[PDB]
Amino acid sequence: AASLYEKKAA
Amino acid sequence: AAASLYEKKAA
Amino acid sequence: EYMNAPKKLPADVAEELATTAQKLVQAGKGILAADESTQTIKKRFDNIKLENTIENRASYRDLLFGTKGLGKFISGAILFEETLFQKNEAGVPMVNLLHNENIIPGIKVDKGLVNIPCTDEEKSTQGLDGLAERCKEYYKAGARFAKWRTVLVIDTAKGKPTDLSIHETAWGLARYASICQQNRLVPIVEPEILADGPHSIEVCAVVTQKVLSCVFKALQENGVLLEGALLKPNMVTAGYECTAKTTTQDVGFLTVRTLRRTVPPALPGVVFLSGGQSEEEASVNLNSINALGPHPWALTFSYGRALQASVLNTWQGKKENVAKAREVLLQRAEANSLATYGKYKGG
Amino acid sequence: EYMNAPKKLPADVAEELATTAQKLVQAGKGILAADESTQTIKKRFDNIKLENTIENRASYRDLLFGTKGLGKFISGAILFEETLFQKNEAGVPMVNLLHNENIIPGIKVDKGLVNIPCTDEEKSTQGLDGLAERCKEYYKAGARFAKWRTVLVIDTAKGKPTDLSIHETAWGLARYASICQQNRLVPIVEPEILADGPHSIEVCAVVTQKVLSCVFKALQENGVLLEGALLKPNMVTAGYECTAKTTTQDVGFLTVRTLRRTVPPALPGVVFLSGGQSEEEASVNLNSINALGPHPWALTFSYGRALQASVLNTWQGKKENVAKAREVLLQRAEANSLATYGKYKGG
Amino acid sequence: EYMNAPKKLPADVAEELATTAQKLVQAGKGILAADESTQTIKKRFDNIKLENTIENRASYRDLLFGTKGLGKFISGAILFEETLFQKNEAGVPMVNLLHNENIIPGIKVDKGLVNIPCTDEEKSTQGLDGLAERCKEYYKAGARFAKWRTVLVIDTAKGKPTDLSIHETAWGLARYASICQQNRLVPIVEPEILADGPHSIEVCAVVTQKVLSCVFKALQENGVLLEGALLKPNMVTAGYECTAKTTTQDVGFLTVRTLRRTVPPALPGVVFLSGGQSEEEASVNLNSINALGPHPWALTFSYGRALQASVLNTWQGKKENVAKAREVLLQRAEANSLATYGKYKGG
Amino acid sequence: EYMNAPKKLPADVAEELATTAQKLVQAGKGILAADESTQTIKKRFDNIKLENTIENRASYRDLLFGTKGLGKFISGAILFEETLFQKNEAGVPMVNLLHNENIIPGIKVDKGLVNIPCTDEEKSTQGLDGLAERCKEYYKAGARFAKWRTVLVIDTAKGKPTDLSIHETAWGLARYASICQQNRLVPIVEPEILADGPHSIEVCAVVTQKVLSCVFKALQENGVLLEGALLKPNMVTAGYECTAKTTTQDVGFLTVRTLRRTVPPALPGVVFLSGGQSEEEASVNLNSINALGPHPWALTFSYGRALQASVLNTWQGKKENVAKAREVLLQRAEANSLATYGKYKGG
Ligand SMILES: O=C(N/N=C/c1ccc(Cl)cc1Cl)c1ccc(O)c(O)c1
Ligand SMILES: O=C(N/N=C/c1ccc(Cl)cc1Cl)c1ccc(O)c(O)c1
Ligand SMILES: O=C(N/N=C/c1ccc(Cl)cc1Cl)c1ccc(O)c(O)c1
Ligand SMILES: O=C(N/N=C\c1ccc(Cl)cc1Cl)c1ccc(O)c(O)c1
């Protein structure tokens, strides 16, 4: 759904 | 310059 | 050393700008605004039915600057770019005529007005591009100060002047001032607020104060040396179409009040523009301002209409009217000179 | 009406504020800052070896305000919340002692300093909550002017004071000022810049100028009436640990220059803080400032350390030394009073 | 290091704020706003003729928080300070009923609204004094996120909201949030613009954009972690007394467009306030907002009126209606949960 | 109407600008920066030992734009003023070469850089004077988007970039963007921060975040439609002389974080500049950025060095190497195209 950044963020 | 006519008719 | 701040000017330059600024606003003397563009001076020549040629423009400027005794009432004369490199019939440069009366040459350095997008025809001033280069050749030609005209409009219904109009005017002025001072030109900051409209004199004071607060803020942010600068504001008056009658006392009080609240004492002087006021009313209002006691800065004038309206009517583009026109000029020159003392009367 | 601009105060309120503010900085008079908090007053009592009790604070404040002839050199007295509602040993209200000498009672309305997040221990001033209600409370108790202390630090290597620190102080001072003016209280704006560090007097001038520019900008945006307010800044001096020594003439010039560049003449007076300066240097420096000719505003003092340091040492909490200490107060009050005229010479 | 910039938060603290911020806006979840003051909750008991006592307030919050299965739709619950330390008639802490349902406790931390001087009754929010101390105590009480309500009014004729109203609101919000993040509390920034007036929905879109642009600018200057923060704005709608008919799609479009122009993707979520909208209007409008494709942030809800209105009438202040009222809460909680998916279609 | 806010753009104009902006950042496509000035393109021809004539400049740009199949990877190409009105050998205008390859013509409208007074050689961009007139000229010539390059320097020791530098940059870009949108041109906002210096990558992130915050702030105050605009910033990288080794994922992480914290989703895309990066590293870093999942905006490229460096070396001003160099252009265009999908392997 969201970007990979958001997934790795928190 | 702290005693002008403007100041004498203000405060 | 505190880095996050505008750096100082070189000592030799700052001292020269400060000296020139003081000289431009010396006691009993004002500035002659004769920097009418080719398109504007055409309007003035049409009222006297005179052809707008280079020959007549030179002849008219020769009439003004060639007037003996003018230097006693005039400390500076603002020129258009054409006039700056212009000569009369005798081949004598116009600048040299100013030097003979010890009148300091000045140059209009802005490129006129353009509309600001996303606003209701609110204006922006052009002239920043290549300004430094022009300042160098203007200084070489004899100019020791410059001017940059900006325009704001009061329309309370449309919220004029808007925030965008104010800050663009303010930042544009500050940008021009720092450039001029870098090239040893004393900048005359002109945030003219038009008197067109039915707004009261109270509204004009509120607007003028808000505008001037934003202008000087922009000046400090750009590192403009206030000691080597001059302010060219409008007189706080009611609108041209305002119903509420206001005498010259109302103009004087609300103008001085506005100036005391926003202009730092470091500013050597403030030159009032005549605007659309008549020659006599411009002198009376200026007199009423200086009648309100001594001021921390010099409150003199930088007139154009109030010094040339009757001169043109007397001249009518005729050689045999030069003498009569030059004496009318001296009359208006001395009239406004007395106004700065607060000692000018009608007759 | 222009609408998008701060409204004006009622004619009655604005007139009273202007009168009080002008009377606070009257010729040859200054303000006694005796508004030390319960915590601050303790470490001053510890130096003279005295318990910080309710009686001792009352007895000491009674000594200051009971001094006959103090009104000759003192126009206003800033009090802490406690002292404002206090009575002496004879059951006589402290505010009445000031009334007898006709010294205007003042009140500290801020609630100390807290750390600004995401900064290096840069301070924010609290006290806005319920400020309007306390101002009404203080006014009925006898207050006619208030104060609000803010602190800035000069650290060139760390970029102090940062932007966040500057406009947080500025907006806080602006908010506090408009609230006090709305409640008939003359606000004393104090953007105190600490003299801690090895920075030169030139750096301080640059920093102070930048701060005052933003301080007054915030005041305008909040519609603070400059005619009914007072500025309490630091003297432009070098840091305590600065190597390049600066004489008092350097302090005087760069202080005046900074004020003339930023402070509008509408502001009636500027009351300098003593800071970490000794009692003698605070008098000498103040004298050097006023020795630079007549100023657009009044340049007097709002001292505490430079008026109470020798008084405490003379008193030492003893009932016997009351009269002896009061003569010390008048001596240091006259010394600073003469400094306002620029006629104080230590020798 | 750049120095002249707001410092970073400690890694551990900023991390907790981020994950908490993520949990509050979980997919299909929102926030229950039960932080009514004891006066605001009074007018709700006046519609069901119930005594405004601590007992009735306890039983009511117990009805809301004691609801099983509520955690599937509710991610967080905003509380008043009273309820945070309050116990039910059975003696079980209110904060524990939330923990059992995996609902994150929240706290309203502002001290109400006060008038801004020189404005036409424009509101300023108080609560900065001792805010850091209260946040530490709230965190130890179970609260993980806070709330700060500000109010702006749209009146085009009076130029509302004015710049002073907008900036004071923005700077106040930024001040509160930086303190909350410092004290491990996720700040909910609420720049609520009232829907009062006859203004069109286009006007609301313009104002909201201007406000949000000023709000988020203040957050950056205060160095507030957007990753660990929430926005609680109003839905872009026309005024109540407006005459220009608009559908829920108009509300949906001009709300999304406004947020896309102003709100950075770093902000994990946006919790809309129900305002004066009815229970059905708030759900349909939220559905229309999410029906416009996937968004960079979570566009969910922080409702109070839209969740508790039908619950109050169903309860009628009776124990036998508790079971019946809690199901009404679930029905409406799920209704808005489906709206976040953009799949809610009542009928 | 709120009045005190930037007025809306005409529906037709705003509609076209939004289309062009999104089309320039179409999936897998990027922008070719071939708008080198005369003195700029000279230093390129000197490296491959080639005389800087008008024939060679025409021949070289003909090689680029005449590349069959370039439209698959290039959405738009930025031209210099000369190139826009130029024709190749065959007689075909350079504009028509772009039209046949589905490439949108772009134009550089800035007049170069000029030092800001009272700063340490911090630059300001000129080109506002007569910009609106040139935009109308460029549009009729075939241009559909414009570019304006501003330069900031990171020097923490000297506090660079200073507030004056940042705000002049921001306001300059702000004015430019509004004028272009007024005249049906999509503005490419380029606040380039130089990677020159030993500063770490963390410092660059903080500075870039601060600059972008001020840039967009200035953008919204002049009322620039973000939907019809593009951003051309530098990648968040460590300094060129920095010692702390940073991987390509460190570049990608701190770049995405910086953009998400500052850039509103209304902006259709962001076109990075290659800067001093090598061709390969410019592709690897762009890939690392896009490898972090689908972003709210299109994060593509506006390269010139990264697309033309190897082309010039292959061509060497000889006709026999044109097709050979055009293939080099295509493989670099495809490399950065795959980088937009995050599907670009090292080799
Ligand atoms: O609270 C005051 N001074 N406390 C200073 C201080 C104490 C201790 C530490 Cl650690 C730091 C600091 Cl800055 C004060 C309050 C009102 C006044 O009029 C005034 O002149 C001073
Ligand atoms: O409703 C609230 N305040 N009262 C508003 C109000 C004013 C005037 C009239 Cl006539 C009616 C009403 Cl309801 C309120 C209180 C706390 C919150 O966190 C919140 O979101 C809302
Ligand atoms: O002309 C450009 N740059 N001038 C570079 C330059 C010139 C002179 C000196 Cl001394 C140093 C330098 Cl770095 C230019 C043109 C188009 C672009 O898209 C762009 O990013 C830059
Ligand atoms: O030639 C000028 N054009 N300025 C605009 C202008 C002129 C005349 C009328 Cl009626 C209106 C307008 Cl907007 C000019 C006029 C006065 C100055 O002080 C100056 O430096 C230039």
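List of remarks:
- Phi angles across segment D:93-105 convert, under the Karplus curve 6.51 cos²θ - 1.76 cosθ + 1.60 with θ = phi - 60°, into 3J(HN,Hα) values of x, 5, 5, 6, 5, 6, 5, 5, 8, 6, 9, 5, x Hz, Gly and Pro given as x.
- Loop-located trypsin sites (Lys or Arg not before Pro) in segment F:51-152 whose Cβ has at most 13 other Cβ within 10 Å (DSSP): F:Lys68
- Dipole check for chain E: with +1 at the C-beta of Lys and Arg, -1 at the C-beta of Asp and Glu, and the Cα centre as origin, the magnitude is about 680 Debye.
- Span-rule helices in chain F, defined as complete DSSP H runs reaching 27 Å or more along the axis (Cα) with Kyte mean at least -1.0: F:163-182, F:201-221, F:322-341
- Average beta carbon contacts from partner chains per residue of F:155-168, 10 Å cutoff: 4
- The string of couplings for segment C:112-122 from the Karplus curve (6.51, -1.76, 1.60, θ = phi - 60°) is x, 10, 9, 6, 8, x, 6, 10, 8, 6, 6 Hz, one whole number per residue in order, with x for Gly and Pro.
- If you run the Gaussian network model on chain D, springs between alpha carbon atoms under 10 Å, then out of D:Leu329, D:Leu292, D:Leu212 the most flexible one is D:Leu292.
- Shape of chain E, Cα gyration tensor, a/c cut at 1.5: rounded
- Simple label model, 7 Å out from Cα along Cβ direction - D:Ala11 to F:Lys68, nm: 8.8 nm
- Over segment E:234-325, the hull volume per residue, using the convex hull of the C-alpha atoms, is 115 Å³.
- The same position C:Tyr240 in the other copies lies at 4.5, 5.7, 6.3 nm from this copy, comparing label points 7 Å beyond Cα toward the beta-carbon, shortest first.
- Two-site FRET efficiency, D:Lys343 against C:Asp196, from Cβ-Cβ distance with R₀ of 45 Å, rounded to 0.05: 0.25
- Close amide H partners of D:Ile193, meaning residues 5 or more places away or on another chain with modelled amide H under 5 Å apart, are D:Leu152, D:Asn234.
- Once backbone amide H atoms are built at 1.01 Å from N, D:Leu299 has D:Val270 as its partners under 5 Å, excluding neighbours fewer than 5 places away on the same chain.
- Applying the Karplus relation 6.51 cos²θ - 1.76 cosθ + 1.60 with θ = phi - 60° to segment E:227-240 yields 3J(HN,Hα) values of 5, x, 9, 10, 10, 10, x, 7, 6, 5, 10, 6, x, 5 Hz, where x marks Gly and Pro.
- Selected from E:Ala177, E:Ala218, E:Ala229 as most flexible by GNM, with chain E as the system and alpha-carbon contacts under 10 Å: E:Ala218
- Distant-in-sequence amide H partners of C:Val186 (H built 1.01 Å from N, under 5 Å): C:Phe145, C:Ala146
- By the beta-carbon count within 10 Å of each Cβ, the least crowded to most crowded order of F:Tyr176, E:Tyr240, fewest first, is E:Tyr240, F:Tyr176.
- With the label put 7 angstrom out from Cα along the Cα-to-Cβ vector, C:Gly91 ends up 5.5, 10.4, 11.7 nm from the copy partners, going from closest to farthest.
- Most positive-pole-ward Cα, C:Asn102, C:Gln182, C:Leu32, against dipole of chain C from beta carbon charges: C:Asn102
- Shape class of the protein assembly as shown from the alpha-carbon gyration tensor: oblate, with a/c at 1.5 or above and b/c at least as large as a/b.
- The trypsin sites (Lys or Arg not before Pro) found in segment F:281-323 that occupy coil by DSSP, while having at most 14 further C-beta atoms within 10 Å, are F:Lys318.
- Shielding of peptide E:123-136 by partners, expressed as the average count of other chain Cβ atoms within 10 Å per residue Cβ, is 3.
- Using the Cβ-Cβ distance between E:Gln26 and C:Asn56 with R0 set to 60 Å, the FRET efficiency from 1/(1 + (r/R0)^6) comes to roughly 0.15.
- Charge tally in the Cβ shell below 15 Å around F:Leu152, where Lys, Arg are +1 and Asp, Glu are -1, F:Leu152 excluded: -4
- Here the residues E:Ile78, D:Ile41, ranked from fewest to most Cβ neighbours within 10 Å of their Cβ, fall in the order D:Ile41, E:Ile78.
- Label zone (F:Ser37, point 7 Å along Cα-to-C-beta; backbone nitrogen cut-off 13 Å) within segment F:103-122: F:108-115.
- Per-residue average of Cβ from other chains inside 10 Å of C:12-22: 0
- DSSP beta bridges in chain C [antiparallel fraction, %, rounded to 5]: 15 percent
- Charging the Cβ of each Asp and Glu at -1 and of each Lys and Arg at +1, and nothing else, the dipole of the protein assembly as shown about its Cα centre rounds to 80 debye.
- Here the protein assembly as shown carries DSSP beta bridges of which approximately 15% are antiparallel, counting only pairs with both residues inside.
- Of the trypsin sites (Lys or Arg not before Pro) in segment D:213-270, those whose Cβ has at most 11 other Cβ within 10 Å and which sit in DSSP loop: D:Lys245
- For C:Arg332, net neighbour charge (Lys/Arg +1, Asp/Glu -1) across residues whose Cβ lies under 13 Å away: -3
- On the basis of the beta-carbon distance and an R0 of 56 Å, C:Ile48 and F:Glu121 show a calculated FRET efficiency of 0.60.
- Distance violations [Cα-Cα > 32 Å] among C:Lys87/C:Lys232; D:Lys49/D:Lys245; E:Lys23/F:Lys29; C:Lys43/E:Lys160; D:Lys7/D:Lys123; F:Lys140/F:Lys324: D:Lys49/D:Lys245; E:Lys23/F:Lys29; C:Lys43/E:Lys160; F:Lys140/F:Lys324
Methodologically, a virtual Cβ is constructed for each residue, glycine included, from the backbone with ideal geometry; neighbour enumeration extends over all protein chains shown. Read-outs throughout are calculated quantities, based only on the coordinates presented, and are distinct from any laboratory measurement.
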